[PDB]
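Analysis of the macromolecular model
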Amino acid sequence: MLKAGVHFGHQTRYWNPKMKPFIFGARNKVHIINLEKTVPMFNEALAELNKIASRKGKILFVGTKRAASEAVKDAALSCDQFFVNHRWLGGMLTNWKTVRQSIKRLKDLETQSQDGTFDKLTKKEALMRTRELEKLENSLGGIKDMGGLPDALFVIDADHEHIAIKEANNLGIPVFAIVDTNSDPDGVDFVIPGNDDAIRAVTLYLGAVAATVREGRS
Amino acid sequence: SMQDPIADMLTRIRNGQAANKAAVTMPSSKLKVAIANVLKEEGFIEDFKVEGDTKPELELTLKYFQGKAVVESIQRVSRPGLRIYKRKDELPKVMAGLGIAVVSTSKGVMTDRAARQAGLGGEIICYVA
Amino acid sequence: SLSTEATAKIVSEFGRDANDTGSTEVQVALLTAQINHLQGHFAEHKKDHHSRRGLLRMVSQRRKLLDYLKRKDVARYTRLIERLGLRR
RNA sequence: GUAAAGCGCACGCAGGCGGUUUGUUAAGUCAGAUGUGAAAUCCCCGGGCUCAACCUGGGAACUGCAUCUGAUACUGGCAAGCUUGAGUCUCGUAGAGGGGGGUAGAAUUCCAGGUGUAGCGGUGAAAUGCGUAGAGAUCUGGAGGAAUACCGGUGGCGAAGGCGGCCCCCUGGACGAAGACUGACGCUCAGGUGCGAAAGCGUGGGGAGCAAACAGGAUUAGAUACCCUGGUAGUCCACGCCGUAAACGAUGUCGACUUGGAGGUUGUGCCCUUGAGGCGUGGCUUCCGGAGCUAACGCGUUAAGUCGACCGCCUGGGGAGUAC
Ligand SMILES: [Mg+2]
Ligand SMILES: [Mg+2]
Ligand SMILES: [Mg+2]
Ligand SMILES: [Mg+2]
Ligand SMILES: [Mg+2]
Ligand SMILES: [Mg+2]
Ligand SMILES: [Mg+2]
Ligand SMILES: [Mg+2]
Ligand SMILES: [Mg+2]
């Protein structure tokens, strides 16, 4: 947990009496994530991902926040590991049956622009269909190749991706989040108290967990 | 004012288990402790202890299990201003046996099954199931 | 409330010894003071209802105090009454 | 809480309940036993009428009352203490808390006079009304009554009602601090006692402004109203009476536990106090809100959450808080 010296705590004094059992201190007002009890869960919790991850574990990564977003793609795309960094959809998991309809569309429409099959129609209806991918791939992208609910799941911070967490446990999908102070851990079965952001805190555990998920498959 | 010390212990306990509080404290006394000993030798709390020298304390450590606390139901019975005394064959059966009823017998603060098998009645105290 | 002098003074006079204001007998006397004195303040004005509260309160307290004495020591009780010319 | 329902609030007798340790007792409490608890019913097992209803053998039951023998944890009696409950003291703390007496300035109206001239006032317009007997406006002097701009607020005090200028006098309560002291002296309380907004009633004062009544004027189909011009009671005062209010947090009192965040109020401990600055830690008080509670709204450590002691009240709507 030596590397842990690059994220420490966060959040001034809003916190939540639920994350209290995970606070090192509160210097200069802002609390301090108890890195000491974070280490146990660092591995133990992380190890569990490797489990299902072994059998093409569809580990779905989440995080729409500025920092994470642009990075989530890299960390997750490191393998079968799916991800979503563009605002969670209402039912993209639970309403998969109906949400997938967009996936199919995105796919076929994607091929439209792929080979000689998109070039035609008036610039209007022609360019109109371009827009779709310009957005559909934004959210359906890191899931278009997914064939049903993910083997598991993994989100950066639950307090922001609340919607995602709910759809998961509602379907019966394990949750691994790195919520810090101001966050409800009860919504996660594998809590990892750590800065909800931090340039390092994000990329760190991102690829760190991706390892036992991509490099962890035998 | 504290017209019923017994209840407090019981109330304190249930509230704790619901508050996920590790243990609990309170000004112990003869009965208070004796009662706690029943909760201990039965299985409802981690343990208990009487701190303080001139001022009695009580380290009634609450116990928990899986995704829930142990004591799921604990209320008063022989409350004051309405004391209840029952005979041997007149002893209740908390949760068809799954639970217990702390009773004050002429021998000691036993349990429903206990005092009952011994063959004696006694003032109930609570139905900590 | 009461004159610092007369206060401490009246204490030593009934205290079980010295510097024991909490003393039972002491309370009565010390209380009877403002009681027997307020009479004047109340004799005048009269419509000083709010102030009456304090009187009536401390008044009842004397009773609740004397009853105790008579319950945990009939001796001192029967005595204090005399020196204070109480009981009708 | 809003459905029926928290007494307007206090104080407190009876009554109910009673922190803590030991000894003692053994009344309640438990156990054992002996009486008595009629038989028949009821119940169980078993018989007799071809069965059943029915009749019957035995037992159980008879929840009970008493006596005797014990058991002593718990309630109770007693004796002895204890200190955390309550209270006493010392010292401070803030305050529209109360009764009494003063007192200042701002304005209103009225009176007198100077100046000045044809309006003023009022409304949606008006009109009544006040003005040449000189108003209004303006200035000077004076008379008097009621209320205290600003400070002032999510503020403070109080049992409730309620309480704002300043000054003094008499006076009650709340809070913190360190401690010193008494030693369970406590909580609650039917009846009872006392306090009770405004309006109202009595006697005698006072009376500027406002204003039920009443009187005009206008509005309107009408307008016993809203609006305008006047104006009596009253409002103010002293003592007495009346006891009601959406007397409302529509939420009885006392005690104990149950995550948090934000802010006001006042006390106290500490920090280069070098600062108002910072940290704590008491009482009070707003706002948001979790768990839980709720029919929902919502309440939420000031609960309507989780418990305990005591009290009040509710039992469909109308008739009716009416009659007697
Ligand atoms: Mg109604
Ligand atoms: Mg009602
Ligand atoms: Mg009330
Ligand atoms: Mg019989
Ligand atoms: Mg005893
Ligand atoms: Mg009046
Ligand atoms: Mg009058
Ligand atoms: Mg107050
Ligand atoms: Mg709230």
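The rules we used
- Residues numbered from 1 in each chain as written, not as in the entry; some residues may be left out.
- Chains lettered and ligands numbered in written order.
- Part of a larger assembly, values for the part shown.
- Heavy atoms only, no water.
- Buried < 20%, exposed > 50% of the residue type's maximum accessible area, 1.4 Å probe, protein only.
- Helix = DSSP H or I, 4+ residues; strand = E, 2+ residues; numbered from the N terminus.
- Pairing = 2+ DSSP bridges.
- Expected span 1.5 Å × (residues − 1).
- Contact = heavy atoms within 4.5 Å.
- Polar contact = N/O pair within 3.5 Å; in protein donor to acceptor, adjacent residues only side chain to side chain.
- Domains from an automatic or database assignment.
- Buried area = accessible area lost by both parts, 1.4 Å probe.
- Salt bridge = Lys/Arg side-chain N within 4 Å of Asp/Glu carboxyl O.
- Core = buried A, V, L, I, M, F, W, Y, C linked by side-chain atoms within 4.5 Å.
- Axes fitted to C-alpha atoms, helices over the stretch in contact; angles between N-to-C directions.
- Parallel < 35°, antiparallel > 145°, perpendicular 65-115°, else oblique.
- Left-handed = near helix turned anticlockwise from the far one by under 90°.
- Nonpolar A, V, L, I, M, F, W, Y, C, P; charged D, E, K, R; others polar.
- Near = heavy atom within 4 Å.

**Description of the pairing of strand β6 (residues 122-126) of chain B**
It is a general feature of regular strands that their side chains alternate between the two faces of the sheet. All names here are of chain B. In terms of burial, β6 is a largely internal element, five of the five residues being buried. Sheet topology places strand β3 (residues 85-86) next to β6; two bridges connect them, and they run antiparallel. When the sheet's bridge partners are listed, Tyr85 is paired in β6 with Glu123. As judged from the four bridges shared by strand β4 (residues 102-105) and β6, these two strands associate in the antiparallel manner. What sits directly across from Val102, in β6, is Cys126.

**A closer look at helix α1 (residues 5-19) of chain B**
All names here are of chain B. For α1, built from 15 residues, the straight-helix expectation of 21 Å at 1.5 Å per residue is met to within 8% by its first-to-last C-alpha distance of 21 Å. The inward-facing, buried residues of α1 contact α2 (30-40), β2 (61-62) and β6. Capping the start of α1 is the job of one residue whose side-chain oxygen sits 3.0 Å from the backbone nitrogen of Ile6: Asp4. Directly beyond the C-terminal end of α1, a positive phi value near 60 degrees is found at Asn20.

**Quick look at the domain arrangement of chain B**
Often, the extent of an interface is quoted as the loss of accessible area on bringing the components together. Residue and element names in this part refer to chain B. In terms of domain boundaries, chain B breaks down into domain 1 (1-71) and domain 2 (72-129). For domain 1 and domain 2, the distance between their C-alpha centres works out to 18 Å. Counting residues at the interface gives 16 residues for domain 1 and 15 residues for domain 2. Of the roughly 1,300 Å² buried where domain 1 meets domain 2, counting both sides, 78% is carbon and sulfur surface. Our count for the contact surface shared by domain 1 and domain 2 stands at one salt bridge. Here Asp4 and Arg76 are joined by a salt bridge, their closest N and O atoms 3.3 Å apart. Our count for the domain 1 to domain 2 interface comes out at three residue pairs in polar contact. Elements that contribute at least two residues to the side of domain 1 that touches domain 2 include exactly α1 and α2.

**Thoughts on the pairing of β4 of chain B**
All names here are of chain B. By the bridge criterion, three bridges tie β4 to strand β5 (residues 109-111) in an arrangement that is antiparallel. When the bridges of β5 are listed, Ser104 appears paired with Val109. Where β4 folds back onto β5 in an antiparallel hairpin, the turn is made up of three residues.

**As for the arrangement of the chains**
These two, chain A and chain B, are apart from each other, with no contact and a minimum C-alpha gap of 11 Å. No part of chain B reaches chain C; the closest C-alpha pair between them is 18 Å apart.

**Here's the deal with the nonpolar core**
General note: in soluble globular proteins, nonpolar side chains tend to be found buried as a group. Of all hydrophobic cores here, the largest spans 58 residues; its most connected members are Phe61, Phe154 and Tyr205 of chain A. Looking at this core, the element that brings in the most residues is helix α1 (residues 35-54) of chain A, giving six residues. When residues of this core are sorted by domain, at least three fall in each of domain 1 (21-88 + 152-218) and domain 2 (89-140) of chain A. Excluding anything up to four places from it in sequence, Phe154 of chain A contacts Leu49, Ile59, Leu60, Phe61, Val62, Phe176, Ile178, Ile192, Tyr205 and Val209 of chain A. By size, the runner-up hydrophobic cluster in this structure holds 25 residues, among which are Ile6, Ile74, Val102 and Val109 of chain B.

**Describing the side chain of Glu123 of chain B**
Residue and element names in this part refer to chain B. Within the secondary structure, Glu123 sits in strand β6. Take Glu123: its relative accessible area is 15%, and that puts it in the buried class. For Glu123, the side chain forms a polar contact with the side chain of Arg83, separated by 2.7 Å. When residues no more than four places from it in sequence are discounted, the contact partners of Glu123 are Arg76, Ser78, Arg83, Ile84, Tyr85, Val102, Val103 and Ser104.

**Examining the packing of helix α3 (residues 96-114) of chain A against helix α4 (residues 123-144) of chain A**
Residues and elements named next belong to chain A. Viewed as axis vectors pointing N to C, α3 and α4 meet at an angle of 125 degrees, and their least axial separation amounts to 9 Å. Relative to α4, the element α3 lies oblique. The handedness of the crossing between α3 and α4 is left-handed. Mapping the contact onto sequence places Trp96, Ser102, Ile103, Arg105, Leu106, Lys107, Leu109, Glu110 and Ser113 in α3 and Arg129, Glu132, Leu133, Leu136, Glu137, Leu140, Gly141, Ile143 and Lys144 in α4. When its residues are assigned to classes, the contact of α3 with α4 shows eight nonpolar, three polar and seven charged.

**Here's the deal with the protein's contact with RNA strand D**
Neighbouring RNA strand D are 66 residues, the closest being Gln3, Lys32, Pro80 and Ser106 of chain B together with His50 of chain C. A share of 78% of the atoms of RNA strand D within 4 Å of the protein falls on sugar and phosphate groups. At 3.1 Å from a sugar or linking oxygen of RNA strand D is found a side-chain nitrogen or oxygen belonging to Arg12 of chain B. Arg79 of chain B is positioned such that a nitrogen or oxygen atom in its side chain is 3.4 Å from a phosphate oxygen of RNA strand D. When contributions to the surface near RNA strand D are tallied by element, the ones reaching two or more residues are α1, α2, β3, β4 and β6 of chain B together with α2 (24-43) and α3 (49-72) of chain C. At 11 residues, the largest contribution of residues to the surface near RNA strand D is made by α3 of chain C. Of the residues assigned to the surface near RNA strand D, the class counts are 13 nonpolar, 30 polar and 23 charged.

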